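J.: Questions regarding the structure given below will be posed in turn.
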Amino acid sequence: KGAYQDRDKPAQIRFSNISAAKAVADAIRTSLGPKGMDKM
Amino acid sequence: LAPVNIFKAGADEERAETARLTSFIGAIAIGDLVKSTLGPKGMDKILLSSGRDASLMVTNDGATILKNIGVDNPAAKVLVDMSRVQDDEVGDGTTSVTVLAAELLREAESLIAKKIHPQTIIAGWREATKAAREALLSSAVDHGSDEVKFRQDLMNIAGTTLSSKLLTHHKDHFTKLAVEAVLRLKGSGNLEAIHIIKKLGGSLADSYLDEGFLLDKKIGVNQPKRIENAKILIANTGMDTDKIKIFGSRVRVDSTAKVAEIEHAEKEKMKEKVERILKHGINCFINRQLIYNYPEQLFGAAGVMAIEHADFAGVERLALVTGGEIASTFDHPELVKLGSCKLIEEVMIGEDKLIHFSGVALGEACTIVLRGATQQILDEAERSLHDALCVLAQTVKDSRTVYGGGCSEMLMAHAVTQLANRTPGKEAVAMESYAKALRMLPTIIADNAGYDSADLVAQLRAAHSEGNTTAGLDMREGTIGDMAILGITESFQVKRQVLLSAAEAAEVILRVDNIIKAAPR
Amino acid sequence: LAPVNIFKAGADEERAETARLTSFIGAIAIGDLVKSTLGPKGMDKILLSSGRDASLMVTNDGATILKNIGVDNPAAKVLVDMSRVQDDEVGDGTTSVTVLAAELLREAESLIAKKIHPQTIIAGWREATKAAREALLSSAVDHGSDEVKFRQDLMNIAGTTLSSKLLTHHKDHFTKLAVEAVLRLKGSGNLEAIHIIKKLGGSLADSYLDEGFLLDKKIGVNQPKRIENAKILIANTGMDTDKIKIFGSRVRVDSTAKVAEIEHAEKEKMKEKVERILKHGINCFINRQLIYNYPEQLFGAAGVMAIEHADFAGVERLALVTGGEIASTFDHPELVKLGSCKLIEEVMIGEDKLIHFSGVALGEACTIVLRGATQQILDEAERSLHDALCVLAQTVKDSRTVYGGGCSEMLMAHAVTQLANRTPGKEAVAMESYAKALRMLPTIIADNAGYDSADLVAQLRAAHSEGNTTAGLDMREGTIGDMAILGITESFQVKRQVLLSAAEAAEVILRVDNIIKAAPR
Ligand SMILES: Nc1ncnc2c1ncn2[C@@H]1O[C@H](COP(=O)(O)OP(=O)(O)O)[C@@H](O)[C@H]1O
Ligand SMILES: Nc1ncnc2c1ncn2[C@@H]1O[C@H](COP(=O)(O)OP(=O)(O)O)[C@@H](O)[C@H]1O
Ligand SMILES: [Mg+2]
Ligand SMILES: [Mg+2]
């Protein structure tokens, strides 16, 4: 019956931060495990 | 924003906060630009341009200024369109409705800033508008049978309409002139019959209303000037080179004698047509096309006045003033009929000569000669006269008047407050905001006048709550007086349309999000 | 303006309306930007740079944000300077005072828009501030005779200060650590004597408080690392080439043997000075300057630990902890007052070696080890600990606590309303605006918490008006609770300074109606 939200910038900032963290984790996912290669 | 590009280069998009902020800023700017010209003691503005032909106009109407400014904000464009629609509807209340819309949007801004759902505000505003439109119908005075009171009501309405512009100095005569010009229509709503002729010479005190009709045309050569007891006959034919045949007729002869005979036959046919035109027993011919040299001398040799250059508006005005019909062919003089006029002369107004038509029979149409020193003053006077005629026709077709000055707004605010004082929930904030926006109009009026606005508004509200549901605001001194004693009277349909348009604009702008702008060309 | 130009090319001049509108817009923007970090459940901010090698930091208080952003609006520059002054004074109330100033300016905007003289508004604001400060002085709790109650009040204040930052998860230990560190000063204003060493790595639970002292220096070579019992002595001399003088002496001889004899005499003098240094019977020498090779080997050959490279802050900390005296010359062993210690060793915290000092006699100062993940978290923890220590020292020097949370603001608003409900004139509008701002100050926190702000504000107002001057706001559930039972207690000096700074900023900004900008370089 209430609790209205009129702000959207923090949500977009958090979404962008989560996307950047996921991209970083996917980029560093290659060099992991005993069967991994090296980067140049 | 997402890192992946979606829109094209050169296209911005505002979400919820920035879009609403820009819309509210534009609405506040639009409401404040015209707020200076709202009260009866308002001033005028200057609307100069540079892209056209250095046009300079000075007016007091809000719709004209909003249309000549040329805004670019999307909400400002919607407000300008609403003002134009209102002006085309009745044309009497644009600044008031745009100020009400600006106040409603300003209240909705603070309501949204207080963490309130827009649906509740929309429902509350709809309920307040319904209560206002229900309580407004109960406070209306019906008239029609009593002509003595109807004439006084029309005079008071015309005076109240004219006192809100530049005609406050000559309201004592322009009101009577508009009243006399309205009664000449015999209940007809055709506003095109009233011709407005503006001239550069005298001041506003030299303006009057002709009891007959005037024309700014010239007559032929070797024709009688003043003709007493004439018969005007309006025609519609082509005397200048009568070649209406769309056939492929071409002269393929082999001698100049045949061409001369053909020319003589054409001249004889033209003479026979001219004689058949004058066969009706008339002495004042009027055509809608041009007249050459042969028909001119043919009409002048018999003593028949010929008038040239007449469009559809002039022909309709002459037919409404006299009584004749737009005849042609000229074969049956019994089914044509004529007019009635016993005084035809030419007068000199300033530096030009105009044909005067007096001694008419019917008189459905009339002309008004306006005199001024500046083109801007003449345009303002013409606009004020047109608005007065429009509001008079509207209040005549409505056949019911409502006491103006601010009593209707106070009654609507009191009804909205009484409705909100009985229902709980979050809808009481929207009704309170609507009541505040409705009561802010007398506050702005008193602030533009030059008196204490808060104290007068509080006194009027206390009087309306205690019983005095007919008082208003005295502008001649700055006190509280009865509206039925002074002579301030507005209308009902105009105020209803203003309130409906304001509510619709508020409800439309309230639910606005994601302003997607395309690439400009 | 006038056609004749007076100023130079590129110098603007805002009048009364434009400058006031710009200042109000800037204040509204500053308030909207700073209102996100006010309540205990606030968020953090990212302050990245583009010219200072991209400096990344995370802060919560508004003072650091206002100091790092740096705008060009003078209305915002005044608030930034006020926040910086308040941070240099007490350092606990910047967001609150800037929000109060923004609300006061927003109310003054609508007051000026209602055609009200600024002098009456200023007088009403001054009267409201006087009434609020009188009510705050009348409603105060003085605790100094009891020890357990004073300790409980200090712990509650520290917890309320730490809960507003990122220390709410480890408040069960950081509060006790701050309480133990404050009591070590023996009631002194030596806030700079508490060293805060931050080390990268580890969680927040490993941040333990050492009861002795820690030094990140290195001792000499060929010296014992751990000592069972020693007597630390602080000196202030130059062991690296003791010849720094203004004397323009030079060696003008004619033989290398003379230079060799001079060098041998200098070495013998240095050896005699070193022997006179150890004549006091000490074994832990600490010098604030540099130590070469000869004094190092002389101290190592006798079994005396020599520590070099010591700053003034470390020397003062060692003199305040060990109770030693900074001595020089080394000629009066009877008057030197050596230190005392029974535990000297070296620990391994992370990947560095630090000298561990324990078993001291006095111990006025103490070191705090901070362990975190990133540098921003460690910086935020250090800033929060410094603010907690500052507010604890302030409330200890004041020796009087006042219940905060939202009771003081409601009491001040009620007092202002009661004062306004007795005096007539136009001064009641400024007091009404002040009361509205005082009531809206906790509304921002109530909205940031995530509950119904209007209902809680109405309930608190009803409780304060019915006779209950002890109610407040509950953050653990969202209802109305007692402030004397939960433990929500702030300070009196901080609140008084915040209110006075807000009133001064409002009176300064409201008395400005002209902006004359010069030509930029
Ligand atoms: N002589 C008067 N006495 C009292 N009120 C007036 C008078 N003239 C105008 N008003 C008020 O001024 C308001 C604006 O009138 P007007 O200027 O004619 O319309 P608009 O502002 O839409 O152009 C009306 O609502 C009316 O109540
Ligand atoms: N546990 C708590 N319960 C209720 N209110 C609190 C609590 N902790 C802090 N506050 C509120 O937070 C405000 C101070 O927040 P903070 O941003 O740390 O400092 P500033 O006063 O500079 O804004 C105080 O006015 C206080 O009312
Ligand atoms: Mg009007
Ligand atoms: Mg604080």
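Every chain in the structure tokens takes a letter, A first, then B, and so on in the order presented; its residues are numbered from 1, and the ligands are numbered from 1 following the presented order.
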Grab me every residue within 7 Å of ligand 2, counting only C-alpha atoms and all ligand atoms, and send it over as a list in words.

T.: residues 37, 38, 39, 40, 61, 92, 93, 94, 95, 96, 160, 161, 163, 164, 165, 404, 405, 406, 473, 474, 475 and 488 of chain C

J.: Could you dump the residues just selected with N, CA, C and O atoms as a CSV table (one decimal), in the first residue's frame?

T.:
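out_23.csv written:
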```
chain,number,residue,atom,x,y,z
C,37,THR,N,23.1,10.1,2.0
C,37,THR,CA,23.9,9.6,3.1
C,37,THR,C,23.6,10.4,4.3
C,37,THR,O,24.4,11.4,4.7
C,38,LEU,N,22.5,10.1,5.0
C,38,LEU,CA,22.1,10.8,6.2
C,38,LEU,C,21.8,9.8,7.4
C,38,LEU,O,22.4,9.9,8.5
C,39,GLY,N,20.9,8.9,7.1
C,39,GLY,CA,20.4,8.0,8.1
C,39,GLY,C,21.4,6.9,8.4
C,39,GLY,O,22.5,6.8,7.7
C,40,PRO,N,21.2,6.1,9.4
C,40,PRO,CA,22.1,5.0,9.7
C,40,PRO,C,22.2,3.9,8.5
C,40,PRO,O,23.2,3.3,8.3
C,61,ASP,N,30.7,10.3,5.0
C,61,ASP,CA,30.4,11.6,5.4
C,61,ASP,C,30.3,12.6,4.3
C,61,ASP,O,31.0,12.5,3.3
C,92,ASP,N,31.4,15.8,13.2
C,92,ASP,CA,30.4,14.8,13.4
C,92,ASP,C,29.1,15.2,12.9
C,92,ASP,O,28.2,14.4,12.7
C,93,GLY,N,28.9,16.5,12.6
C,93,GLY,CA,27.7,17.1,12.1
C,93,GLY,C,27.8,18.0,10.9
C,93,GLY,O,27.8,19.2,11.1
C,94,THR,N,28.0,17.4,9.8
C,94,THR,CA,28.1,18.2,8.5
C,94,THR,C,26.9,17.9,7.6
C,94,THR,O,26.3,18.9,7.1
C,95,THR,N,26.5,16.7,7.4
C,95,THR,CA,25.4,16.4,6.6
C,95,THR,C,24.1,16.9,7.2
C,95,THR,O,23.2,17.5,6.5
C,96,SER,N,24.0,16.8,8.5
C,96,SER,CA,22.8,17.3,9.2
C,96,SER,C,22.6,18.8,9.0
C,96,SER,O,21.6,19.3,8.7
C,160,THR,N,26.1,4.6,18.9
C,160,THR,CA,25.3,5.4,18.0
C,160,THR,C,26.1,6.1,16.9
C,160,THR,O,25.7,6.3,15.8
C,161,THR,N,27.4,6.5,17.2
C,161,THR,CA,28.2,7.1,16.2
C,161,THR,C,28.8,6.1,15.2
C,161,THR,O,28.9,6.4,14.0
C,163,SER,N,27.3,3.2,14.4
C,163,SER,CA,26.2,2.5,13.6
C,163,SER,C,25.9,3.2,12.4
C,163,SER,O,25.3,2.6,11.4
C,164,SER,N,26.3,4.5,12.2
C,164,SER,CA,25.9,5.3,11.1
C,164,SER,C,26.9,5.0,9.9
C,164,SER,O,26.7,5.5,8.8
C,165,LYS,N,28.0,4.3,10.1
C,165,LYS,CA,29.0,4.0,9.1
C,165,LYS,C,28.9,2.5,8.8
C,165,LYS,O,27.9,1.8,9.0
C,404,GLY,N,19.4,11.8,21.5
C,404,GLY,CA,19.3,12.2,20.1
C,404,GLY,C,18.3,11.3,19.3
C,404,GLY,O,17.3,10.9,19.8
C,405,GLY,N,18.6,11.1,18.0
C,405,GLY,CA,17.8,10.2,17.2
C,405,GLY,C,16.7,11.0,16.5
C,405,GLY,O,16.6,11.0,15.3
C,406,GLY,N,15.9,11.8,17.3
C,406,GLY,CA,14.8,12.6,16.7
C,406,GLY,C,14.0,13.3,17.8
C,406,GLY,O,13.0,13.9,17.5
C,473,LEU,N,12.5,7.5,17.5
C,473,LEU,CA,12.3,6.6,16.4
C,473,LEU,C,13.1,5.3,16.6
C,473,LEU,O,14.3,5.4,17.0
C,474,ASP,N,12.5,4.2,16.3
C,474,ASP,CA,13.1,2.9,16.4
C,474,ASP,C,13.6,2.4,15.0
C,474,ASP,O,12.7,2.4,14.1
C,475,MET,N,14.8,2.1,14.8
C,475,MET,CA,15.4,1.7,13.6
C,475,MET,C,15.4,0.2,13.4
C,475,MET,O,15.6,-0.3,12.3
C,488,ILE,N,19.8,5.4,22.5
C,488,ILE,CA,20.1,6.4,21.5
C,488,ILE,C,20.3,7.7,22.2
C,488,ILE,O,19.4,8.4,22.5
```

J.: Considering only C-alpha atoms, tabulate each residue of chain B that lies at most 10 Å from chain A along with its nearest interatomic pair and the corresponding distance in Å to one decimal; arrange the rows by chain and ascending residue number and present them as a Markdown table.

T.:
```
| residue | atom | partner | partner_atom | distance |
| --- | --- | --- | --- | --- |
| B:1 | CA | A:12 | CA | 6.4 |
| B:2 | CA | A:16 | CA | 6.9 |
| B:3 | CA | A:16 | CA | 8.2 |
| B:15 | CA | A:8 | CA | 8.0 |
| B:16 | CA | A:8 | CA | 7.4 |
| B:17 | CA | A:7 | CA | 6.7 |
| B:112 | CA | A:6 | CA | 7.8 |
| B:113 | CA | A:6 | CA | 7.9 |
| B:114 | CA | A:4 | CA | 9.4 |
| B:115 | CA | A:4 | CA | 5.5 |
| B:116 | CA | A:4 | CA | 6.5 |
| B:117 | CA | A:4 | CA | 6.5 |
| B:118 | CA | A:4 | CA | 9.8 |
| B:425 | CA | A:1 | CA | 9.9 |
| B:426 | CA | A:1 | CA | 9.6 |
```

J.: When you count only C-alpha atoms and all ligand atoms, which of these residues is closest to ligand 3: B:454, B:385, B:500, B:155?

T.: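 The shortest atom-to-atom distance to ligand 3 comes from B:385.
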
J.: Please, what distance in Å, to one decimal, runs between CA of residue 193 in chain B and CA of residue 367 in chain B?

T.: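 One can read the CA of residue 193 in chain B to CA of residue 367 in chain B distance as 8.2 Å.
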
J.: Residues at most 7 Å from range 329-331 of chain C, counting only C-alpha atoms, excluding those fewer than 2 positions away in the same chain, as a list in words?

T.: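 Everything that qualifies: residues 276, 277 and 333 of chain C.
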
J.: Go ahead and save the residues from that selection, with N, CA, C and O atoms, as a CSV table (one decimal), in the first residue's frame.

T.:
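What follows is the written file again_27.csv:
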```
chain,number,residue,atom,x,y,z
C,276,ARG,N,80.0,8.8,27.0
C,276,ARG,CA,79.2,9.6,27.9
C,276,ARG,C,77.7,9.4,27.7
C,276,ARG,O,76.9,9.6,28.6
C,277,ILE,N,77.3,9.0,26.5
C,277,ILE,CA,75.9,8.7,26.3
C,277,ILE,C,75.5,7.5,27.1
C,277,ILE,O,74.4,7.5,27.8
C,333,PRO,N,73.9,13.1,34.6
C,333,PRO,CA,73.2,11.8,34.7
C,333,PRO,C,72.2,11.8,35.9
C,333,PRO,O,71.3,11.0,35.9
```

J.: Residues of range 321-426 of chain C in strand (DSSP E) according to DSSP, as a list in words?

T.: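 Written out, the strand (DSSP E) residues of range 321-426 of chain C are residues 343, 344, 345, 346, 347, 348, 349, 352, 353, 354, 355, 356, 357, 358, 367, 368, 369, 370, 371, 372, 400, 401 and 402 of chain C.
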
J.: Can those selected residues be exported to a file as a PDB file, in the first residue's frame so that it contains N, CA and C atoms?

T.:
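See result-v2.pdb below for the written result:
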```pdb
ATOM      1  N   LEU C 343      59.417  -5.657  28.753  1.00  0.00           N
ATOM      2  CA  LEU C 343      59.084  -6.539  27.636  1.00  0.00           C
ATOM      3  C   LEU C 343      59.435  -5.822  26.340  1.00  0.00           C
ATOM      4  N   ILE C 344      60.430  -6.342  25.622  1.00  0.00           N
ATOM      5  CA  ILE C 344      60.850  -5.793  24.337  1.00  0.00           C
ATOM      6  C   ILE C 344      61.090  -6.959  23.388  1.00  0.00           C
ATOM      7  N   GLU C 345      60.386  -6.967  22.260  1.00  0.00           N
ATOM      8  CA  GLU C 345      60.523  -8.028  21.271  1.00  0.00           C
ATOM      9  C   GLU C 345      60.020  -7.503  19.931  1.00  0.00           C
ATOM     10  N   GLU C 346      60.091  -8.359  18.915  1.00  0.00           N
ATOM     11  CA  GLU C 346      59.646  -8.030  17.568  1.00  0.00           C
ATOM     12  C   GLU C 346      58.608  -9.049  17.123  1.00  0.00           C
ATOM     13  N   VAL C 347      57.490  -8.560  16.595  1.00  0.00           N
ATOM     14  CA  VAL C 347      56.406  -9.413  16.135  1.00  0.00           C
ATOM     15  C   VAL C 347      56.385  -9.411  14.609  1.00  0.00           C
ATOM     16  N   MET C 348      55.538 -10.270  14.045  1.00  0.00           N
ATOM     17  CA  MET C 348      55.386 -10.403  12.597  1.00  0.00           C
ATOM     18  C   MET C 348      53.900 -10.300  12.267  1.00  0.00           C
ATOM     19  N   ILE C 349      53.466  -9.112  11.857  1.00  0.00           N
ATOM     20  CA  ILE C 349      52.077  -8.853  11.500  1.00  0.00           C
ATOM     21  C   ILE C 349      52.028  -8.703   9.985  1.00  0.00           C
ATOM     22  N   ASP C 352      55.675  -7.701   7.484  1.00  0.00           N
ATOM     23  CA  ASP C 352      56.626  -6.714   7.972  1.00  0.00           C
ATOM     24  C   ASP C 352      56.982  -7.021   9.419  1.00  0.00           C
ATOM     25  N   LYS C 353      58.085  -6.431   9.872  1.00  0.00           N
ATOM     26  CA  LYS C 353      58.576  -6.605  11.231  1.00  0.00           C
ATOM     27  C   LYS C 353      58.405  -5.303  12.001  1.00  0.00           C
ATOM     28  N   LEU C 354      57.780  -5.389  13.173  1.00  0.00           N
ATOM     29  CA  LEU C 354      57.541  -4.233  14.024  1.00  0.00           C
ATOM     30  C   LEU C 354      57.987  -4.545  15.443  1.00  0.00           C
ATOM     31  N   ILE C 355      58.555  -3.545  16.110  1.00  0.00           N
ATOM     32  CA  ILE C 355      59.026  -3.708  17.480  1.00  0.00           C
ATOM     33  C   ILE C 355      57.833  -3.658  18.425  1.00  0.00           C
ATOM     34  N   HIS C 356      57.706  -4.677  19.269  1.00  0.00           N
ATOM     35  CA  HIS C 356      56.612  -4.776  20.225  1.00  0.00           C
ATOM     36  C   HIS C 356      57.073  -4.271  21.585  1.00  0.00           C
ATOM     37  N   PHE C 357      56.332  -3.316  22.141  1.00  0.00           N
ATOM     38  CA  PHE C 357      56.627  -2.740  23.445  1.00  0.00           C
ATOM     39  C   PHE C 357      55.479  -3.043  24.396  1.00  0.00           C
ATOM     40  N   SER C 358      55.806  -3.616  25.552  1.00  0.00           N
ATOM     41  CA  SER C 358      54.804  -3.953  26.552  1.00  0.00           C
ATOM     42  C   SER C 358      55.424  -3.825  27.935  1.00  0.00           C
ATOM     43  N   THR C 367      48.624   2.321  20.153  1.00  0.00           N
ATOM     44  CA  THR C 367      48.534   2.114  18.716  1.00  0.00           C
ATOM     45  C   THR C 367      47.353   1.211  18.384  1.00  0.00           C
ATOM     46  N   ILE C 368      46.719   1.489  17.248  1.00  0.00           N
ATOM     47  CA  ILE C 368      45.562   0.736  16.777  1.00  0.00           C
ATOM     48  C   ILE C 368      45.913   0.128  15.427  1.00  0.00           C
ATOM     49  N   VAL C 369      45.819  -1.195  15.332  1.00  0.00           N
ATOM     50  CA  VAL C 369      46.110  -1.925  14.104  1.00  0.00           C
ATOM     51  C   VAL C 369      44.801  -2.188  13.375  1.00  0.00           C
ATOM     52  N   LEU C 370      44.730  -1.767  12.116  1.00  0.00           N
ATOM     53  CA  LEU C 370      43.543  -1.936  11.289  1.00  0.00           C
ATOM     54  C   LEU C 370      43.835  -2.941  10.183  1.00  0.00           C
ATOM     55  N   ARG C 371      42.955  -3.929  10.038  1.00  0.00           N
ATOM     56  CA  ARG C 371      43.085  -4.963   9.021  1.00  0.00           C
ATOM     57  C   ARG C 371      41.831  -4.976   8.159  1.00  0.00           C
ATOM     58  N   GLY C 372      42.019  -4.898   6.844  1.00  0.00           N
ATOM     59  CA  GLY C 372      40.913  -4.895   5.912  1.00  0.00           C
ATOM     60  C   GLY C 372      41.317  -5.530   4.599  1.00  0.00           C
ATOM     61  N   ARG C 400      28.179  16.033  29.530  1.00  0.00           N
ATOM     62  CA  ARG C 400      26.722  16.151  29.501  1.00  0.00           C
ATOM     63  C   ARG C 400      26.221  15.567  28.191  1.00  0.00           C
ATOM     64  N   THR C 401      25.279  14.632  28.275  1.00  0.00           N
ATOM     65  CA  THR C 401      24.724  13.964  27.109  1.00  0.00           C
ATOM     66  C   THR C 401      23.247  14.304  26.956  1.00  0.00           C
ATOM     67  N   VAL C 402      22.800  14.371  25.704  1.00  0.00           N
ATOM     68  CA  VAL C 402      21.412  14.666  25.368  1.00  0.00           C
ATOM     69  C   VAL C 402      20.907  13.587  24.421  1.00  0.00           C
TER      70      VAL C 402
END
```

J.: What's the 10 Å shell around range 170-176 of chain B, counting only C-alpha atoms, without same-chain residues fewer than 3 positions away, as a list in words?

T.: residues 154, 155, 156, 157, 158, 159, 160, 161, 162, 163, 165, 166, 167, 179, 180, 181, 182, 204, 205, 207, 208, 209, 385, 388 and 389 of chain B

J.: Output C-alpha atoms for every residue in the selection just made, as an mmCIF file, in the first residue's frame.

T.:
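Contents of the output file part-v4.cif:
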```cif
data_model
loop_
_atom_site.group_PDB
_atom_site.id
_atom_site.type_symbol
_atom_site.label_atom_id
_atom_site.label_comp_id
_atom_site.auth_asym_id
_atom_site.auth_seq_id
_atom_site.Cartn_x
_atom_site.Cartn_y
_atom_site.Cartn_z
ATOM 1 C CA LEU B 154 -25.330 40.596 -21.390
ATOM 2 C CA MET B 155 -24.166 44.171 -20.779
ATOM 3 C CA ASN B 156 -22.485 43.170 -17.510
ATOM 4 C CA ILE B 157 -20.784 40.186 -19.163
ATOM 5 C CA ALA B 158 -19.521 42.350 -22.034
ATOM 6 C CA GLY B 159 -18.239 44.958 -19.585
ATOM 7 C CA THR B 160 -16.450 42.356 -17.469
ATOM 8 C CA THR B 161 -14.890 40.869 -20.611
ATOM 9 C CA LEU B 162 -13.752 44.258 -21.938
ATOM 10 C CA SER B 163 -12.395 45.481 -18.581
ATOM 11 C CA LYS B 165 -7.831 44.288 -21.641
ATOM 12 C CA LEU B 166 -6.889 47.701 -23.055
ATOM 13 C CA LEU B 167 -10.520 48.804 -23.568
ATOM 14 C CA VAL B 179 -24.338 44.597 -27.337
ATOM 15 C CA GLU B 180 -25.981 46.395 -30.266
ATOM 16 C CA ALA B 181 -23.901 44.410 -32.770
ATOM 17 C CA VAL B 182 -24.767 41.072 -31.142
ATOM 18 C CA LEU B 204 -10.708 55.030 -29.598
ATOM 19 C CA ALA B 205 -13.252 57.784 -28.888
ATOM 20 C CA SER B 207 -15.064 54.556 -33.057
ATOM 21 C CA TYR B 208 -18.749 53.814 -33.624
ATOM 22 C CA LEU B 209 -21.089 51.255 -35.207
ATOM 23 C CA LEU B 385 -13.639 43.032 -29.728
ATOM 24 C CA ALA B 388 -16.016 39.946 -26.532
ATOM 25 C CA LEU B 389 -18.248 39.016 -29.474
#
```

J.: Using DSSP on the backbone coordinates, identify the residues of chain A assigned to helix (DSSP H, G or I); present them as number ranges by chain.

T.: A: 9-27

J.: What is the CA of residue 513 in chain B-CA of residue 14 in chain B distance in Å, reported with one decimal?

T.: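 Here the two named atoms are 8.1 Å from each other.
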
J.: Which residues are close to range 241-253 of chain B, i.e. within 9 Å by only C-alpha atoms, leaving aside same-chain residues fewer than 2 positions away? Reply as an MDAnalysis selection string.

T.: chainID B and resid 237:239 255:256 258:259 262 266 270 292
